[PDB]
Amino acid sequence: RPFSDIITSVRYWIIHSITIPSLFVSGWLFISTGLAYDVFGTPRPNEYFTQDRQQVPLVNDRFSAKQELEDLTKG
Amino acid sequence: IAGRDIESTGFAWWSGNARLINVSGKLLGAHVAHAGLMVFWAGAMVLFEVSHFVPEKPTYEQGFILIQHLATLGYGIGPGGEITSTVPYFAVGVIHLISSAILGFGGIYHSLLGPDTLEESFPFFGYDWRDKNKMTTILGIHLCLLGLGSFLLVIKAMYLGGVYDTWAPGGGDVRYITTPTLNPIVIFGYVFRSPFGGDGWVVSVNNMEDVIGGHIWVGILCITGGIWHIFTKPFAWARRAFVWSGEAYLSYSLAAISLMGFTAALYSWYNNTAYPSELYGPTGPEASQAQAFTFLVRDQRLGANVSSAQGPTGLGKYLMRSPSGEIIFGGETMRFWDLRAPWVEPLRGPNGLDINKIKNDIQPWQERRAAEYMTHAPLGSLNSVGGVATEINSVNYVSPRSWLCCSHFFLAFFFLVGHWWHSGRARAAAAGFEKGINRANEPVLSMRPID
Amino acid sequence: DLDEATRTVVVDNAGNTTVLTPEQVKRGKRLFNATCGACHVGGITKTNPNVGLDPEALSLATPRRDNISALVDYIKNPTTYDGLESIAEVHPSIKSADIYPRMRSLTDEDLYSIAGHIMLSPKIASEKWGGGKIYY
Amino acid sequence: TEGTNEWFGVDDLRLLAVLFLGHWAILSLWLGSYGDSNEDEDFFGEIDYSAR
Amino acid sequence: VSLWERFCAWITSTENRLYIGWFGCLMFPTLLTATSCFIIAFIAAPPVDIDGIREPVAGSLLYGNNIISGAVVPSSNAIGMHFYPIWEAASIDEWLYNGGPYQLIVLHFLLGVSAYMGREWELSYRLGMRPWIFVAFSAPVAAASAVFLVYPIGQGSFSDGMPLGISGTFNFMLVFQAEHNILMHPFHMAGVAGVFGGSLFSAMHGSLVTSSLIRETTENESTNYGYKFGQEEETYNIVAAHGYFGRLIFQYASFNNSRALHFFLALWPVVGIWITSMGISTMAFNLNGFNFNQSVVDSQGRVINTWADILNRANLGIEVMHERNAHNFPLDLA
Amino acid sequence: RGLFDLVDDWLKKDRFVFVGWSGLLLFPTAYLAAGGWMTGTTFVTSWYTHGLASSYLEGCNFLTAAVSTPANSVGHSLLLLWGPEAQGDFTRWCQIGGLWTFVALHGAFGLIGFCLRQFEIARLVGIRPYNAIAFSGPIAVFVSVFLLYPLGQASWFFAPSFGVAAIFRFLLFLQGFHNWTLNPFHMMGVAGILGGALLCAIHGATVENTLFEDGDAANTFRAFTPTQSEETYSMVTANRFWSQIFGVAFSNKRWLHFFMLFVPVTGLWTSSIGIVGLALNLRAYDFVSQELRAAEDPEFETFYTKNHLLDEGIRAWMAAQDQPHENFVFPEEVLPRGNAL
Ligand code: CLA
Ligand code: CLA
Ligand code: CLA
Ligand code: CLA
Ligand SMILES: CC(C)=CCC/C(C)=C/CC/C(C)=C/CC/C(C)=C/CC/C(C)=C/CC/C(C)=C/CC/C(C)=C/CC/C(C)=C/CC/C(C)=C/CC1=CC(=O)C(C)=C(C)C1=O
Ligand SMILES: CC1=C(/C=C/C(C)=C/C=C/C(C)=C/C=C/C=C(C)/C=C/C=C(C)/C=C/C2=C(C)CCCC2(C)C)C(C)(C)CCC1
Ligand SMILES: CC1=C(/C=C/C(C)=C/C=C/C(C)=C/C=C/C=C(C)/C=C/C=C(C)/C=C/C2=C(C)CCCC2(C)C)C(C)(C)CCC1
Ligand SMILES: CC1=C(/C=C/C(C)=C/C=C/C(C)=C/C=C/C=C(C)/C=C/C=C(C)/C=C/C2=C(C)CCCC2(C)C)C(C)(C)CCC1
Ligand code: OEX
Ligand SMILES: [Fe+2]
C-alpha cells in the first residue's frame, strides 16, 4: 500500500485520533507524576544538594559504585 | 489557470513570481501589496514598542529600533535623550497601520481582480520592459518623489519642529537647523573621501548642519535627475552597455540596495550623530573609550598623575599619543582614537584631549555618561545576554546598534547574491541560453582547440 | 530547597535577622537585574572593581553595609567606601533620582527586596557572588 | 596625511593630473570605436548588435 | 578595424589559453600584486608590532619561523582601520614595522578574488553557458571577505583580521571562540553542516557513480580509460545507482533526477558557507553565539553547570591569556 | 528448498525497507544506539559522573543536552548492566554513565552493520562496493575518536560525550591539552573535508550551468529522463570553462567522480591517524627550536608562541571543572592571566 493514500484515508484518522493523544498524555504523565526521576535517577530540582551534602557527588570507586551511589542518594 | 501553472509559463511554483515578469497589472499588485506589508510592519512594530515601553529604562535597553528613529526626528524627546510622551510614537504607528489596509486593498485588487496587463486599456501606466523611453519616465517620476521626500526631512528640521541634535549647546536636544551646510566641497567631500579609518566615507557626517545640507543636495539632485530622466532617452553609450529587460532592471536595483544596506549597517555601528547614543546606546568605539575614561577618572581621584602613568608595555596607561600625534586614550582603545562622542568633545583641544581640562574640569554628567556607556557596550549574545561571551546570565541586553548592523549586513550580502543571480540570468536570458546549451550548435565545438 | 534557613538574612546593624518571603526573593532578583545588574552582575562592580558587593567588602565599609537596613540606606544615600563624601551624583540613588530616571518608581519595599537579593546571594552562591570570572 | 578628508586621496595636483590623463587615454581609444556613432539609432530588443 | 576594437576582441577572446576578459583587467594586476607581496613578506619580512604595544611578532622564514608558524602578520592596532599604503609611511621600514604588507595583500586579494568571480561569470557568457558558477564561488569569497575585511571593520582594526599564516589562523580561531562563542552560534553550526554534509554528499555521489560504471575496460588497464573525452553516451548506470541508494535507505529518499541531484550538490555547501560567512560578519558587530552560562538553576538557587559551562571555562582560559599585555581595563570591548 | 535458503529468500525480499542478513545486526544495534541517545539526552543526568545537568528533565536544551561519558573511577570498564559496577540496577547504571558505553558499543556495531548492509545491497543490485569503501572514512573516525582515543587515555571519561555542546568541549579540550590544530594529520583532515565540500559545490554548479537545452521550460529540472542515455550536461564545455578560468580542468568523468570519493575519505582517514596518536599523548605540541629560542630570547614572538599561552589558559581555567574527580584546587594566584583580564 502507498503511503500518502493511507494518511489521507479517514480510517487512519479514526485509529490515530485516539492512540496518538493517549501516548502524548502518557508521556506527559510520565513527567507529571515524577516517575521519570525515579526510573532514571535524575535529580529533581530539590535534590542536587542535600542538607548533609553541599558538594557535587562523584563516584570514586568502581566496584562499590552501586553502594556509594546509594549513600549519595539517601537524602 | 492560463499563466498560473508550469505548462503555460515554464516556471515552477517556487519560482512562481517569475510568472509576473510580463503581466504588468498583476506585477503592479504584487508591489503595492508588498508596500502594504512594509507599512504594516512599520505601524505594528512601533505600536508593539509603544506598548512595551517603560519610562525607567533608556530606549536602547528596551530592545527598540523604531521609536529611536522618531525620536531623532524630534518627537517625544527631551534634553539628553529624555523620552517624554510616546503619544507621537503611537500616532505614527496608527497612520502607518491604517494606511496598510488601503495599500493592502489595492494590492489584492490589482493582483486578483484588476487587469493583468495595463498596456491595452491604461496606456499611461502600461509599459514594455524594452521601451527605454517609458522606463526612464517611471525612473524619473519616482526620482522626483525621492527628492520631495528628502526635502520633507529638510522641512522637518528647518521649519516643522526641528530634529534632535545630540551636538547641541546646552545639552543634546531638539533644535531647528537654521544654517545647513550648502557648500558642495563639504557636502560632496563626504561622498568622495576614503572609506577607511579617520575618513569613514559617508558615515562620518558629524553634525546636523551637514546632514540637512546633504538632504538639500539630495533633494536637488533627485529632482533635477527626475526631470532629466522624464524628459530624455538613454544615450547611445548607455544603450550599448545595459540589458533592457525586466530582470535586468531588478538586478540593477539589487546591486544598489545592497550597497545601501551595507552603508546603513555601518551608520548604525559608527555614527552617533544621525544615530544618537542616548537613543541607540553607545557605538562600539564609544563604549571602549568610555571605559578608558572611567578608569582615568577612578585613578585620578586616587591621586594618580594620569598623564605620566606608564603602562605595562611602556605606553600610556591612560593617555597616549595617536600615530598622527593627538593625545588619545590608552590601552587597546587606541584603535578608536577617531571617536568624536559628544561627552568627550568638551575635553578636546586642537592637540587631542586637553590635559588640564582632564585634570580640573571633568563634569559629573560625563562620569555618568561614560559609566552607562561602559556597561551597555554593544556586546551581547543571540539570546540577549549582555556582555562578553564569557559573561553569566543576569543582564538582558543587546544593543540596538548591534541588532541594526547585523541584520542589515546579513540582508545586504544576500541582496548582493541576488544581484549576482539576477544579472547573470538577465544577461543570459537576453542572449538566449539561460535554458541550457543548444545540442545542435554548441558554441565550444565551433572554437579552436584550446591547448 | 529555598527553606526558611537560607532565606534568613541580617536585617540591621544590631544583628537582628529576618526571613525573606518567596515574593521578596523572586521580585528582588528581577529588580536587581534590571536596575543594578548592568554594573553589579554577579556581585562585582564593573566600573570600580575595588568596591564589590560580596559580604566581605560590605563588611569593611565604614558605615557597615552587611544589613538590609544599611544596604537600603546606601540606595537612599550613597557614600564613598569610607563614608566621608557623598557619591549620589555618580551613583543611582533616591537622592539623585532626578538624575537617574530608573530610580523614580521604586518603593521602600522594592529597595527591601533589592537589598534582600544582595544579602541572600552569598548564602546561595558563596564564592561566586562578587568573585568575578574565576568562579564562572 | 591619511586620515584627512581628501577627494579620492588627491592631496597633490600631480595625482589629479594622472587621474584625468589615465581616464582620457582609454576614453580616446574607446572613442575610436564609438565616436562617429549615430545617436538616433535605436532598437527594440533587450540587447543591441549594432556595429563595431 | 579600429585599435580599441582589436584590443576588445583579444581581451574577450575565448581562444586564449587563459581567458582574460574585462574582469581579468582587474583580476590579473591585483592578484599578481598580492601574490608578489605575499611571497616576499612570507619569506623575508621584519617583525610586525601587531597589538600596537611595540611588541613585534616575527612572521617570516628568515626571522626564525617555519611553514606552520610563519605568517604575514596583521597591521598594528595603533593603525586600526586606517588606510596604510606605502606612500603614507615616511619610510618602507616604518611601513614594515606597522604591518603595512598585510593591508596591501588583503586589499589586493579581495579586489582580485571579486574580479575572479566576475571573470567566472564572463567566460560562461562568452561560452554560452548558464551563468551561476560564480554564485557558488561567492560563498568562499564572502568567507574571505568576512575574516579579512568585515571582522576588521566591526572590531575597528585590521589587527583583528585573520593572519596570513597557518598558526595565525589557529590564533584567529581560538580568540574568536573566547570573544564571540562561535561554536554556540547557529550560523557556524549551519556551516559545519555545510562542510560535513558537503563532503558527505561528495563522497556519496562519487561512490554511486564509481559503483555503477559500465564495462569498458579490462583488468589490466585503469577503469578511468572507459571514459572518452567528448563522448555522448552516459558512462554509468544511473538506474543501478538509484536502485542501490533506494534500497540503502528507502526508495523515496533518493534522487532519480540527475539535474535535481547536482543542484542539491551545489546548494548544500554554498548555502552553508553563505550562512557561516554571515556568522563571522555578524559576530563582527558582537552579536555573539548562544550564552547558556548559569542557566540551569536548582530549587535553592545554586547554579548547576552544564556542558555550556565547561565550554565557558575554556573560553575564559583563552580570553584571560590572549593579547596578554594589550589590555589595561577589565573588559575586552575590542 | 533448504532452511537456510528459505531464510535467505525472505531476508533479501524486495520490500519497503530492505533487511538482508546484515539487518539482523544493523537494525537491533542502530535502534538501541539512537534510542539510547534519545533516552539519555531526555532523562538521564550527569550529576554523579561529571557534576553536570545534561538532560531535558534538568533544563538543558538541544545544544546543551548530552549522553555523558562514565565516571573516571570506573576506568575503561565496559559498564555492562549486569556487570560488577551496576549489578543489574538500571537506575545505578544510568547514574554511573552506563548509557554512554551502551550507545558507543551498540553504535559501533551499528556502523559495522551499516557497512555490511552496503556490501550486501551492492552484491544484490550487482554493482561495485565503493560506497562501503567510502563509509570506512566515517567508521575510522568513530573508532579512533570514540573508542581508541579514550582507550589510550585514563578512562572512558575523556572520550567525547554524545551531545552538541559536549562535543564542543571535546574540540577545545584537545586544543588546550593536545594542540590538535598544530597536528599535521588534522590539517590533512581539514583539507579533505573543505576539499570535499568544495568538490561538492563545484561539480554541482558546473553540471547545473553546462546543462543541455532539452526542454522549452525555463525550469530545467523537467528536462531529464532517468533512463536516458545521452549526457545531460556538456563535458566539453565544462572542461573548456575551467581550463580557461582555473588553468586545469577535469577531462574524465570517471576520474572526476572517483576524486569526489577520494578527497573526503582520505581526510577522514588521515585525521583518524593523528587522533590515534593523541590517545597515547604522541602529540604535535611544540616546535622545540622555537621553544628553545623563545626561552633564551624574550622578544622572539611568533603566532606559534602566542598559541601556547592560549593553551596554558585553557588547561588551567577548565581543569578544575572538566576533571572534577581529580579535585583540582587552583588558587587565583596560580591561574595564568594577562594584564587586566
Ligand atoms: C510579498 C508576497 C507576495 C505577493 C504580494 C505575491 C503576489 C502574487 N503572486 Mg506570488 N508568491 C509568493 C509571494 C507573493 N506573491 C511566495 C512567497 C511564493 C512561493 C510560495 C509565491 C508563489 C507564486 C506562484 C506559483 C504564483 C504566484 C502568483 C502571484 C500573483 C497572483 C496571485 C493570484 O492571482 O492567485 C490567487 C491567490 C489567492 C486566491 C490567495 C488569496 C490570498 C489573499 C491575497 C490573502 C489576503 C489576506 C489579507 C489579510 C487580506 C487583507 C484585505 C484588506 C486589506 C482589505 C500575485 C501578484 C501567481 C502568478 O504569478 O500569476 C501570474 C502564481 O502563479 N505566487
Ligand atoms: C526585491 C528583491 C527581489 C525580487 C523582486 C526578486 C524576484 C524574483 N526572484 Mg530573486 N533573489 C533576490 C531578490 C529578489 N528577487 C535575493 C535577495 C536573492 C538571493 C537570496 C535572490 C535569489 C533568487 C534565486 C536563486 C531565484 C530568484 C528568483 C526570482 C523570481 C521568482 C521568485 C519567487 O517566486 O520565489 C518565491 C519565494 C519563495 C519560494 C520563498 C523563498 C524562501 C525564503 C528564503 C524562506 C524565508 C526564510 C526566512 C523566513 C526569511 C529569510 C531570512 C530573513 C532573516 C531575511 C522573481 C523574479 C527565481 C528566478 O530566478 O526566476 C527567474 C530563482 O530561481 N531569486
Ligand atoms: C502606487 C501604485 C499604483 C499604480 C501605478 C496604480 C495604477 C492604477 N490603478 Mg490602482 N490602486 C492603488 C495603487 C496603484 N494603482 C492603491 C494604493 C489602491 C487602493 C486605493 C488602488 C485601487 C484601485 C482601484 C479600485 C482601481 C485602480 C485603478 C488603477 C488604474 C487607473 C488609474 C486611475 O484610476 O486614474 C488616475 C487616478 C487619479 C488621477 C486619482 C489619484 C488619487 C490618488 C488617491 C492620489 C494619491 C496621492 C499621492 C499621489 C500618493 C500618496 C501616497 C504615497 C505617498 C504612497 C491604474 C493602472 C483602476 C483600474 O485598475 O481599472 C480597471 C481602478 O478601478 N486602483
Ligand atoms: C535612482 C537613481 C538613478 C538611476 C537608476 C539612474 C539611471 C541612469 N542614469 Mg541618471 N541621474 C540621476 C539618478 C539616476 N539615474 C540623478 C539623481 C541625476 C542628476 C545628477 C542623474 C543625471 C544623469 C545624467 C546626466 C545621465 C544619466 C544617465 C543614466 C542612465 C545610464 C548611466 C548610468 O547609470 O551609469 C553609471 C555611470 C556613472 C555613475 C559614471 C558616469 C560618468 C559620465 C558618463 C561622465 C561623462 C561626463 C559628463 C560631462 C558628466 C559630468 C560628470 C562627470 C565628471 C562624472 C541610467 C538609466 C545617462 C543617460 O543615459 O541619460 C539619459 C546620463 O547621461 N543620469
Ligand atoms: C516484538 C517486540 C518485542 C517489539 C519491540 C519493537 C521493536 C522491534 C522496535 C524496533 C524498531 C526499530 C528501531 C526499527 C526501525 C529501524 C530503524 C530505521 C533503525 C535505525 C535507527 C535510525 C533512527 C536511523 C535513521 C538514520 C537514517 C535512515 C538517516 C538517513 C537520512 C536520510 C533521509 C538521508 C538522505 C541523505 C541524502 C538526501 C543524500 C543524497 C545526496 C547524494 C549525494 C546522493 C547521491 C546520489 C543519489 C542518487 O540517488 C543517484 C541516482 C546518484 C547517481 C547519486 O550520486
Ligand atoms: C496577493 C497575494 C498575496 C499577498 C497578500 C498581501 C501581501 C496582502 C496585504 C494585506 C495587508 C497589508 C493588510 C493590512 C491590513 C490592515 C488592517 C486590517 C489594519 C487594521 C487596523 C486596526 C484594526 C487597528 C486598530 C487599532 C487602533 C486603531 C488603535 C491601537 C489598537 C489597534 C492596533 C487595535 C499572498 C502573499 C498571500 C500570495 C497570494 C497573492
Ligand atoms: C544626504 C546626506 C548627505 C549627502 C549625500 C550625497 C550628496 C550623496 C551623493 C551620492 C552619490 C553622488 C553617489 C554616487 C554613486 C555612484 C555610483 C554608485 C556609481 C556606480 C556605477 C556603476 C554601477 C557603473 C557600472 C558600470 C561600469 C563600471 C562599467 C560599464 C558598465 C556599467 C555602466 C554597468 C551627506 C553625506 C552630506 C550628509 C548626510 C546626509
Ligand atoms: C536506553 C535503553 C533502552 C531504550 C531504548 C529505546 C527503545 C529507546 C527509544 C527511544 C526513542 C526512539 C525516542 C525517540 C524520541 C524522539 C524525539 C523526542 C524526537 C523529537 C524530534 C524533534 C522535536 C524534532 C523537531 C522537528 C520537527 C518535528 C519537524 C520540524 C523540524 C524539527 C527538526 C525542528 C532499552 C529499552 C533497550 C533498555 C536498555 C537501555
Ligand atoms: O586585537 Mn585581536 O583580540 Ca579583538 O578583543 Mn580586544 O582587540 Mn585584541 O583583544 Mn581581544
Ligand atoms: Fe556527477
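Residue numbers start from 1 in every chain, and the chains themselves are labelled A, B, ... in the order their sequence lines are given, proteins ahead of strands.
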Less than 4.5 Å to any heavy atom of chain B: does that hold for the side chain of [X], its backbone, both, or neither?
{"X": "E:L107", "value": "side chain"}
{"X": "E:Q155", "value": "both"}
{"X": "E:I153", "value": "both"}
{"X": "E:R313", "value": "neither"}
{"X": "E:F292", "value": "both"}
{"X": "E:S159", "value": "side chain"}
{"X": "E:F187", "value": "side chain"}
{"X": "E:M117", "value": "side chain"}
{"X": "E:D332", "value": "both"}

Only pairs of heavy atoms separated by less than 4.5 Å count here; which of E:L127, E:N315, E:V303, E:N98 has the most with chain B? E:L127
If we define contacts as heavy-atom pairs under 4.5 Å, which of E:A334, E:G80, E:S145 has the most with chain B? E:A334
Under 4.5 Å from a heavy atom of chain E, the part of [X] involved:
{"X": "B:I328", "result": "neither"}
{"X": "B:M320", "result": "neither"}
{"X": "B:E332", "result": "both"}
{"X": "B:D199", "result": "neither"}
{"X": "B:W269", "result": "side chain"}
{"X": "B:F410", "result": "both"}
{"X": "B:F262", "result": "neither"}
{"X": "B:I392", "result": "both"}

Where B:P282 and B:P378 come nearest, the two heavy atoms and their spacing: O-CD, 3.6 Å
Nearest heavy-atom approach of B:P323 to B:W337 is CD-NE1, 4.4 Å
Pair B:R369 + B:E372, salt bridge at N-O below 4.0 Å: yes
Between E:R324 and E:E55, does any NZ, NE, NH1 or NH2 come within less than 4.0 Å of an OD or OE carboxylate oxygen? yes
Of B:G198, B:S407, B:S423, the largest count of non-hydrogen pairs under 4.5 angstrom with chain E goes to B:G198
Winner by heavy-atom pair count (cut-off under 4.5 Å) against chain E, out of B:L315, B:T333, B:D451, B:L266: B:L315
Just say parallel, tilted or perpendicular for the rings of E:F285 and B:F409, cut-offs at 30° and 60°. tilted
Less than 6.0 Å separating the ring centroids of E:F158 and E:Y84? no
